[PDB]
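Below, all heavy atoms of this structure are taken into account, side chains as well, without hydrogens, waters or symmetry copies. Every number for a ligand or one of its atoms is a count from 1 in the order of the listing. Numbering starts at 1 and runs along the sequence shown.
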Amino acid sequence: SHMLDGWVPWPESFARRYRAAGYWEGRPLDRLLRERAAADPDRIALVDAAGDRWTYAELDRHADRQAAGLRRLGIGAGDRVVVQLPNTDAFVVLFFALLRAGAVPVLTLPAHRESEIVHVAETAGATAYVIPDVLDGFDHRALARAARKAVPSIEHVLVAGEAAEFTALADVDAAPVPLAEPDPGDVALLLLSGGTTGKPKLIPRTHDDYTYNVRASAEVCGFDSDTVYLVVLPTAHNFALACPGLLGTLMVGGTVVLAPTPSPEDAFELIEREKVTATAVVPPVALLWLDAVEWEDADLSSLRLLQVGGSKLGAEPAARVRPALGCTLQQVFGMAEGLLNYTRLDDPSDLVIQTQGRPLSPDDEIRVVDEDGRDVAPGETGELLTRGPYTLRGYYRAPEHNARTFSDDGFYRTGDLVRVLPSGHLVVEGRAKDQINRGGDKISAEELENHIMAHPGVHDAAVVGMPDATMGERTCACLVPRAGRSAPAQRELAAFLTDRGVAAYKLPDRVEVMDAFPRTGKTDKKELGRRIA
Ligand SMILES: Cc1ccc(O)c(C(=O)OP(=O)(O)OC[C@@H]2O[C@@H](n3cnc4c(N)ncnc43)[C@H](O)[C@@H]2O)c1
């Protein structure tokens with residue numbers, strides 16, 4: 001028996017192997033905090049941007065008090081809770097408080113708006129939603145009012161800030177109570193993927209496979225109690241949460257430092273102030289920092305490791321990381337669905353500069369296939385399929401998409417085009433999936449096309465990626481005007497999409513108007529892309 005329906009467990013033969021190999025240790029995810037606070041209660045676990053800090057024992061006890069408070073509101077054992085928080089201590093306490101209460105966090109990004117929040121809340125059948133009041137000028141309480149109207153199962157809204165008519169997250173607090181432990185083979189949390197379908201898809205991650213993800217990552221990246229890790233990406237991004245991220249830092253007893261933004265003003269000051277030794281960034285932020293060291297006077301010498309992933313870092317800026325920033329670069333090609341590829345910290349510099357790593361687990365299985373699904377000759381480019389001890393066998397409550405996206409023997413089709421070198425290192429070559437990678441942010445073309453086609457001046461829409469030197473890809477929306485009507489310009493379409501509740505990183509960079517799309521009978525986006533020029 002499993003606590004949640006709608007997900008696809010591993011076949012028993014695989015689960016048996018992963019337990020025998022020691023990958024799946026049988027511990028709930030929250031126990032990484034429990035055991036470290038038992039072994040190192042007075043070490044500094046967490047530092048926020050203001051300079052307030054918390055020990056492991058303080059973090060552990062507050063998670064217990066907030067778990068007991070969540071139970072008093074009836075949030076617990078199995079309930080899905082949508083979490084949308086900034087990089088503050090409130091997120092870290094609440095993550096563990098939800099786990100200890102038995103609730104399943106559904107982790108969303110601060111940038112997600114009504115369209116994304118409502119879909120994941122209705123898919124998950126969420127009973128609670130956790131928000132800031134105002135973040136980067138946007139009032140998330142208005143969004144919570146729109147979500148409660150569209151999703152009647154949301155009973156509670158917890159607000160990190162002025163709660164208005166809702167519940168203040170800081171008042172969710174009570175004397176700790178004996179709480180039962182989840183089964184480690186059960187879903188621990190739900191992650192978001194950009195996806196390639198008309199709606200974002202939820203990724204179930206179990207206690208055993210996510211703990212393995214965190215533990216194995218921590219080992220490969222050399223994270224230990226002397227690690228000071230700066231969270232620059234959103235805490236809810238898998239890269240910054242678990243690869244090894246903040247969970248790896250807490251598991252080994254290091255210090256997590258929360259950055260409010262990736263800008264050099266904020267990040268460089270924290271690196272100097274807290275002697276940060278490790279952080280993870282997307283390539284656009286890596287390029288910004290590589291430039292900014294030339295006019296910023298911060299002392300960054302404490303930095304030992306810079307992880308860069310989410311999209312491909314070029315070989316030329318990769319070679320600048322050691323001269324400009326004084327640290328070791330690690331390229332990371334990973335996905336919320338599971339498979340992580342890491343360059344190793346003592347790899348020759350050539351492979352760190354030229355490749356996106358090799359798989360984390362000895363039992364990550366890799367296939368590279370042509371259009372007919374047959375394995376390519378070694379070193380040829382093809383589509384990456386993967387299966388392993390922390391890669392999902394199916395999305396949450398998405399049977400039709402699962403039938404298209406996983407092979408019969410359980411390989412996940414990543415939609416990435418790669419070459420595998422003789423050493424086993426991967427080079428990312430492109431993509432097969434209809435999803436734009438805009439500086440690390442994933443834009444499902446079909447989802448955005450459906451939103452644009454809701455505009456009354458638009459009949460048909462095709463969303464095509466265009467190369468960009470610093471973002472990798474930008475978004476071009478090719479429109480067929482509504483019959484006898486004019487299609488909107490870029491700024492009017494952006495305003496329509498924003499009011500519809502589309503996250504701002506999904507707004508098209510460019511609008512092109514045409515009478516009809518090239519057809520293969522599917523829309524030929526290969527030819528649209530070159531018909532850009
Ligand atoms: C680093 C990392 C770690 C944990 C994550 O969870 C994520 C994440 O980005 O999660 P996400 O599911 O959103 O994206 C799906 C993925 O994004 C793309 N990608 C990711 N890294 C690279 C790369 N070094 N070079 C080129 N492309 C990349 C692939 O296309 C892939 O499929 C990223």
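For atom 17 (O) of ligand 1, the candidate residues are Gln435, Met335, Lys442; the nearest heavy-atom contact is made by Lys442.
Salt bridge annotation for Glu25-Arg31: absent, with no cationic side-chain nitrogen under 4.0 angstrom from a carboxylate oxygen. Salt bridge annotation for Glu449-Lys525: present, with a cationic side-chain nitrogen under 4.0 angstrom from a carboxylate oxygen. Using a 4.0 Å cut-off between charged side-chain N and carboxylate O, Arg397 and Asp5 make a salt bridge.
With ligand atoms numbered from 1 in the order given, ligand 1 contributes 4 (C), 5 (C), 6 (O) to contacts under 4.0 Å with heavy atoms of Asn238. The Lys312 neighbourhood of ligand 1 comprises atoms 25 (N), 26 (C), with distances under 4.0 Å to a heavy atom of that residue. For ligand 1, the atoms closer than 4.0 angstrom to any heavy atom of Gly309 are 1 (C), 24 (N).
Residue contacts with ligand 1 for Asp416 involve side-chain atoms from C-beta outward but no N, CA, C or O (heavy atoms, distance under 4.0 Å). Under 4.0 Å from ligand 1, the heavy atoms of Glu337 that appear belong solely to its side chain. Of the heavy atoms in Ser193, none comes closer than 4.0 Å to ligand 1.
For atom 10 (O) of ligand 1, the nearest protein heavy atom (residue, atom name, distance) is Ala336 N, 3.4 Å. With hydrogens left out, the protein atom closest to atom 19 (N) of ligand 1 is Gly310 O, 3.4 Å, a heavy atom. Protein heavy atom nearest atom 22 (C) of ligand 1, with residue, atom name and distance: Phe333 CD1, 3.4 Å. Residue, atom and distance of the protein heavy atom nearest to atom 1 (C) of ligand 1 are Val332 O, 3.2 Å. Atom 7 (C) of ligand 1 has its closest protein heavy atom at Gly334 O, 3.4 Å. Ranking the protein heavy atoms by distance from atom 27 (N) of ligand 1 puts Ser311 CA, 3.7 Å first.
Atom CG of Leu360 and atom OH of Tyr23 lie 9.5 Å apart (nearest 0.5 Å).
Listed for the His119 side chain is a donor-acceptor partner under 3.5 Å among the backbone atoms of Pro200.
The side chain to side chain donor-acceptor pair (under 3.5 Å) test with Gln331 is passed by exactly one of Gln354, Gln356, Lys312: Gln356.
Residues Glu383 and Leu417 are in side-chain contact: their nearest non-hydrogen atoms beyond the backbone lie under 4.5 Å apart. At a threshold of 4.5 Å between non-hydrogen side-chain atoms, the residues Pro110 and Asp136 do not count as touching. At a threshold of 4.5 Å between non-hydrogen side-chain atoms, the residues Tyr390 and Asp364 count as touching.
Side-chain N/O atoms of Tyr342 and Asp347 include no donor and acceptor closer than 3.5 Å. With 3.5 Å as the limit, one finds no donor-acceptor pair spanning the side chains of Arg367 and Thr386.
By the 4.0 Å heavy-atom criterion, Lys433 is counted among the residues contacting ligand 1. Ligand 1 lies less than 4.0 angstrom from a heavy atom belonging to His237. Residue contact annotation: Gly194 has no non-hydrogen atom under 4.0 Å from ligand 1.
The shortest N or O to N or O distance between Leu340 and ligand 1 is not under 3.5 Å.
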